[PDB]
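Read the structure below first, then the notes.
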Amino acid sequence: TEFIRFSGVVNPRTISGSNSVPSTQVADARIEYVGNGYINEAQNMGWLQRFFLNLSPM
Amino acid sequence: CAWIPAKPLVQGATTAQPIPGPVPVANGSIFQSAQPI
Amino acid sequence: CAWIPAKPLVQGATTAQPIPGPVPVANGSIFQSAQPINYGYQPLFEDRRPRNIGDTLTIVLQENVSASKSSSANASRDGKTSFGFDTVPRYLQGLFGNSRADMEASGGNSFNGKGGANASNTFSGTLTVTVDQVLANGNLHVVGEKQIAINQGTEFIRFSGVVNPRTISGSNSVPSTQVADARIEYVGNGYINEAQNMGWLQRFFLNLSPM
Amino acid sequence: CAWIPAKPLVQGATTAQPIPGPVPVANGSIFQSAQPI
Amino acid sequence: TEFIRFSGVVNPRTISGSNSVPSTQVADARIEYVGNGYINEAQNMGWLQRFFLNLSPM
Amino acid sequence: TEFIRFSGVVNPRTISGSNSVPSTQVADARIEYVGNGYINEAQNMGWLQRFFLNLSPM
């Protein structure tokens with residue numbers, strides 16, 4: 001399952017005639033595109049590898 | 001790692017319910033305006 | 001396996017018998033109408049739109065989302081230094097003889113990090129849904145499900161969302177990108193679907209292995 | 001794994017039954033309007 | 001997660017007819033483009049390597 | 001983080017119609033372009049190498 005979430009503030013005069021506004025005209029734009037399932041877990045680092053990436057000398 | 005609870009970027013409800021319109025006034029006009037701002 | 005009793009996708013009778021017509025009235029008219037079922041006022045020139053609960057609407061599922069990001073950083077430092085007195089004059093011997101000041105050093109430092117991510121999804125199809133609620137502003141909540149069974153499995157396409165009436169076209173169609181709270185699902189069952197599930201041990205390792 | 005019960009993305013009924021129309025008023029007009037919103 | 005932050009001071013007469021102004025017309029422009037997650041941690045030097053880069057003789 | 005700092009004295013009649021003046025028309029022009037982070041520390045000589053560059057016989 002994939003989730004696309006959007007939030008922001010829109011000026012009414014930036015909305016086009018077809019009730020559309022580009023995402024670059026939204027003030028506090030919060031855009032999120034995430035997923036779950038084993039596909040999403042396959043894109044997470046292992047805990048040991050994350051620990052090393054954060055605490056290894058090099 | 002992927003099972004750790006997280007707070008999403010867009011918090012709160014992602015939808016809003018329309019509020020039912022104000023009761024029209026009994027003046028003989030079809031044009032009824034909501035409380036102006 | 002193939003002898004196990006199963007319930008078909010389309011249950012019940014697959015045919016209907018016509019009901020014999022009502023007895024004509026003895027009034028002197030050939031025109032006899034069956035018991036009418038009034039469907040209310042219907043506009044003549046307005047485009048056919050869903051208006052009430054139970055009305056149908058065609059959703060053209062056309063989704064194309066693609067996001068990507070990448071970054072990198074690097075830093076480097078190389079330093080070499082040397083000094084040598086091959087031949088030292090006599091008056092300098094006490095300060096530079098016996099290779100007292102000859103020296104040579106080198107050093108290096110390197111770093112290169114990078115990272116990135118990307119996601120995409122596409123969806124193409126057509127599904128007819130039904131209006132199950134009319135909101136206070138006239139927007140219609142729509143839900144729909146299509147079940148197809150071909151040979152050795154069953155697939156389900158489910159859709160839900162909220163549709164603005166003015167976005168519906170003249171042919172009673174609206175693209176899926178104009179639906180506010182669009183929930184789109186495309187799943188299946190049968191051994192084809194179980195062949196696309198990770199084994200429990202492999203899932204356990206993917207979630208708990210150190211690397 | 002595939003036999004574990006799950007809640008679908010689209011929960012609830014996926015169809016709606018039409019509600020039978022209001023009884024027409026005995027005023028001498030063919031035009032009958034449902035309760036306006 | 002990536003964050004793009006902007007701050008500054010804008011002259012009203014530099015704003016175009018489409019409510020846009022280039023970033024080179026903003027007086028005290030503060031522009032930031034950062035991120036988090038293991039992608040961002042993979043672009044940080046190890047503590048030992050940073051210590052050497054700052055304190056090594058060469 | 002990178003910093004670009006500018007200071008100087010501008011003649012009003014050298015400013016163009018688009019509220020712009022080239023940097024070569026500013027009297028006491030002080031221009032600075034610096035940065036920090038490990039990228040900037042990687043461009044600093046080691047203390048021993050600087051000591052040798054300043055005090056070595058050759």
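We label chains A, B, ... in the order they appear in the structure tokens, count residues from 1 in each chain, and number ligands from 1 in the order shown.
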- Task: Considering only C-alpha atoms, extract the chain E residues located within 7 Å of chain C and return them as a count of residues only.
- Result: 6
For the interface of chain E with chain B (cut-off 12 Å, counting only C-alpha atoms), please tabulate each contacting residue of chain E alongside its nearest pair of atoms and their separation in Å to one decimal, rows sorted by chain and increasing number, as CSV.
residue,atom,partner,partner_atom,distance
E:1,CA,B:9,CA,8.5
E:2,CA,B:9,CA,10.8
E:3,CA,B:9,CA,11.3
Restricting it to N, CA and C atoms, dump the selection as a PDB file, in the first residue's frame.
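Once written, out.pdb looks like this:
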ATOM      1  N   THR E   1      13.305  12.565   4.530  1.00  0.00           N
ATOM      2  CA  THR E   1      12.586  13.831   4.481  1.00  0.00           C
ATOM      3  C   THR E   1      13.560  14.951   4.158  1.00  0.00           C
ATOM      4  N   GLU E   2      13.191  15.787   3.193  1.00  0.00           N
ATOM      5  CA  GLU E   2      13.973  16.938   2.777  1.00  0.00           C
ATOM      6  C   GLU E   2      13.225  18.222   3.108  1.00  0.00           C
ATOM      7  N   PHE E   3      13.981  19.222   3.553  1.00  0.00           N
ATOM      8  CA  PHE E   3      13.452  20.527   3.922  1.00  0.00           C
ATOM      9  C   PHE E   3      14.132  21.596   3.082  1.00  0.00           C
TER      10      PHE E   3
END
- Item | 12 Å contact set for residue 13 (chain A), only C-alpha atoms, chain neighbours under 6 positions out, as a VMD selection string | (chain A and resid 19 to 21 25 to 26) or (chain E and resid 18 to 19)
Restricting the output to C-alpha atoms, write the selected residues as a compact mmCIF listing (two decimals), in the first residue's frame.
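out.txt was written with the following content:
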# COMPACT_ATOMS: atom_id res chain seq x y z
CA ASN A 19 -9.92 24.15 -10.63
CA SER A 20 -6.21 23.34 -10.65
CA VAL A 21 -3.13 24.87 -9.04
CA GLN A 25 2.12 27.99 -5.62
CA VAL A 26 1.23 26.45 -2.23
CA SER E 18 2.36 36.80 -11.70
CA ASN E 19 3.23 37.31 -8.00
- Message: Set the distance at 9 Å and use only C-alpha atoms: which residues neighbour residue 17 (chain D) once local chain neighbours fewer than 4 positions away are removed? I'd like the list as a list in words.
- Response: residues 53, 54, 55, 130 and 132 of chain C
Restricted to N, CA and C atoms, what would the selected residues look like written as a PDB file, in the first residue's frame?
ATOM      1  N   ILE C  53     -28.586   8.677  -4.131  1.00  0.00           N
ATOM      2  CA  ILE C  53     -27.984   7.427  -3.689  1.00  0.00           C
ATOM      3  C   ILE C  53     -28.426   6.304  -4.617  1.00  0.00           C
ATOM      4  N   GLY C  54     -27.472   5.487  -5.055  1.00  0.00           N
ATOM      5  CA  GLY C  54     -27.740   4.409  -5.978  1.00  0.00           C
ATOM      6  C   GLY C  54     -27.430   4.717  -7.426  1.00  0.00           C
ATOM      7  N   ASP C  55     -27.142   5.972  -7.756  1.00  0.00           N
ATOM      8  CA  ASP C  55     -26.788   6.329  -9.121  1.00  0.00           C
ATOM      9  C   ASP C  55     -25.360   5.896  -9.434  1.00  0.00           C
ATOM     10  N   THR C 130     -20.899   3.454  -7.580  1.00  0.00           N
ATOM     11  CA  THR C 130     -22.230   3.888  -7.188  1.00  0.00           C
ATOM     12  C   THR C 130     -22.116   4.970  -6.124  1.00  0.00           C
ATOM     13  N   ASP C 132     -23.177   6.523  -2.801  1.00  0.00           N
ATOM     14  CA  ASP C 132     -23.800   6.081  -1.562  1.00  0.00           C
ATOM     15  C   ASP C 132     -24.020   7.206  -0.561  1.00  0.00           C
TER      16      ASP C 132
END
Taking only C-alpha atoms into account, what are the residues of chain E at most 9 Å from chain F, put as a CSV table (one decimal) with N, CA and C atoms, in the first residue's frame?
chain,number,residue,atom,x,y,z
E,14,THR,N,9.7,44.9,-6.9
E,14,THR,CA,10.4,43.9,-7.7
E,14,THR,C,9.5,42.7,-8.0
E,32,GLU,N,18.1,27.4,2.6
E,32,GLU,CA,18.6,26.1,3.2
E,32,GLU,C,17.9,24.9,2.5
E,44,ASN,N,27.7,12.2,6.1
E,44,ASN,CA,28.4,12.8,7.3
E,44,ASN,C,29.7,12.0,7.5
E,45,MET,N,30.8,12.8,7.7
E,45,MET,CA,32.1,12.1,8.0
E,45,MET,C,32.0,11.4,9.4
E,50,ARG,N,36.7,13.1,11.0
E,50,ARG,CA,36.6,14.5,11.2
E,50,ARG,C,37.7,15.0,12.2
E,53,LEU,N,40.9,15.0,10.2
E,53,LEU,CA,40.9,16.2,9.2
E,53,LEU,C,41.1,17.5,9.9
E,54,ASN,N,40.7,17.6,11.2
E,54,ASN,CA,41.0,18.9,11.9
E,54,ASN,C,42.3,18.9,12.7
E,55,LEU,N,42.8,17.8,13.1
E,55,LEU,CA,44.0,17.8,14.0
E,55,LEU,C,45.2,17.0,13.4
E,56,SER,N,45.1,16.4,12.2
E,56,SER,CA,46.3,15.8,11.7
E,56,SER,C,47.3,16.8,11.3
E,57,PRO,N,48.6,16.4,11.4
E,57,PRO,CA,49.7,17.4,10.9
E,57,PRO,C,49.6,17.7,9.5
E,58,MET,N,49.2,16.8,8.6
E,58,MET,CA,49.0,17.0,7.2
E,58,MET,C,47.7,16.5,6.7
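Relative to CA of residue 21 (chain B), CA of residue 136 (chain C) is found at 7.4 Å.
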- Go through chain F and collect every residue that DSSP, computed from the backbone, puts in alpha helix (DSSP H); the answer should be as a ChimeraX atom specification. /F:38-41,47-55
- Compute the chain C side of the contact with chain B at 12 Å, counting only C-alpha atoms, and hand it back as a list in words. residues 134, 135, 136, 137, 138, 139, 140, 141, 161, 162, 179, 180, 181, 182, 203, 204, 205, 206, 207, 208, 209, 210 and 211 of chain C
Excluding residue 30 (chain A) and residues on its chain fewer than 5 positions from it, collect all residues at most 7 Å away from it, counting only C-alpha atoms, and give them as a tab-separated table (two decimals) with C-alpha atoms, in the first residue's frame.
chain	number	residue	atom	x	y	z
A	6	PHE	CA	-0.45	16.70	0.65
A	7	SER	CA	-1.03	19.72	2.86
A	8	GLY	CA	-0.66	23.45	2.44
B	9	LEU	CA	4.65	14.39	7.60
B	10	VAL	CA	1.00	15.41	7.12
- Could you tell me which of D:37, D:16, D:25, D:11 comes closest to chain B if we count only C-alpha atoms?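 The closest residue to chain B is D:37.
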- Message: Rounded to one decimal, what separation in Å do you get between CA of residue 9 (chain A) and CA of residue 122 (chain C)?
- Response: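 CA of residue 9 (chain A) sits 27.4 Å away from CA of residue 122 (chain C).
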